[PDB]
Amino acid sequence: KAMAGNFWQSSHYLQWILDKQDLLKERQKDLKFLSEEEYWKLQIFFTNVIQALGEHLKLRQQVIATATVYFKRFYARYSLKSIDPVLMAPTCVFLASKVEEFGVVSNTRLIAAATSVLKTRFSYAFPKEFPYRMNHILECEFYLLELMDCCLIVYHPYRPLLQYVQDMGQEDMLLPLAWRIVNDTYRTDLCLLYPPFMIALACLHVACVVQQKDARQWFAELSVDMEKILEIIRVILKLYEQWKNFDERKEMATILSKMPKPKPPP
């Protein structure tokens, strides 16, 4: 896989590992229209949309994660009113699929996928059908590539995670649960705040705690800032309490109306 060992001099590490205070400062413009809780519920919702788009198009999990990161990176910098997130979600998948050499996504297949997914799986959020034709995706693609400063290569916690569970010698017991916890972390900001391998260790720790696997010595034998890992575990544990209290299907129609909308030209 291209650039696999290049993280510490990558554009991901050097430009797209943000500061938590800088992120929250830019977010205050959207917090005029939404609460903190409602912004996070909105993040969970569009993470699920990109997952549903990816599954429908039969894309690999690495391609879905890259598109999710493209989406987070965009709205980390700009407001929700700037470009419609219904338009950006499939644009992110379209661009992400083009970054990988294997497989192709056609124009017609993308538009059909986006229409079908919102109709079948997200009708609670969207009464009207998907209104965007392909020209809207292609125009949007140019805006996405510009704001990201052409940073297309994204590193994810899966490759590190595989290497750790292989090193533990318990792939059968741990890998299924740890892998799904990695998927869950894309509901949060963690991918914009910490390096991939740190999130992988956090997910594996939680997996060990959940399955009552004693792995204290193994974790101690690693030379990493353990205080940073405990910060990630608390976010993961907080995520599952938010999951419990959040009925996506009942709440999301009202939240999407509270979003600031793009103003038309005069």
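The first residue of the shown sequence is 1; numbering continues from there. We call the rigid core whatever largest set of C-alpha positions still superposes within 1.5 Å between the two forms.
- Displacement analysis by core superposition in 9 other deposited structures of this protein ranks 96-104 above the other of 96-104 and 167-175 in root-mean-square C-alpha distance from the shown form.
- Once the C-alpha B-factors are averaged per stretch, 99-107 and 132-140 rank with 99-107 first.
- Between 110-118 and 80-88, the higher mean Cα B-factor belongs to 110-118.
- Highest C-alpha temperature factor among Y240, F197, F45, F219, as the PDB entry reports it: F219.
- Listed residues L174, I181, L161, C151 were ranked by CA B-factor as deposited; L174 comes out on top.
- Per-chain ranking of the deposited C-alpha B factor places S223 in the highest third.
- In this PDB entry, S11 carries a Cα temperature factor that places it within the lowest third of its chain's modelled residues.
- Per-chain ranking of the deposited C-alpha B factor places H205 in the lowest third.
- Split the chain's modelled residues into thirds by C-alpha temperature factor. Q212 is in the highest one.
- Among all modelled residues in its chain, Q51 ranks in the lowest third by Cα B-factor.
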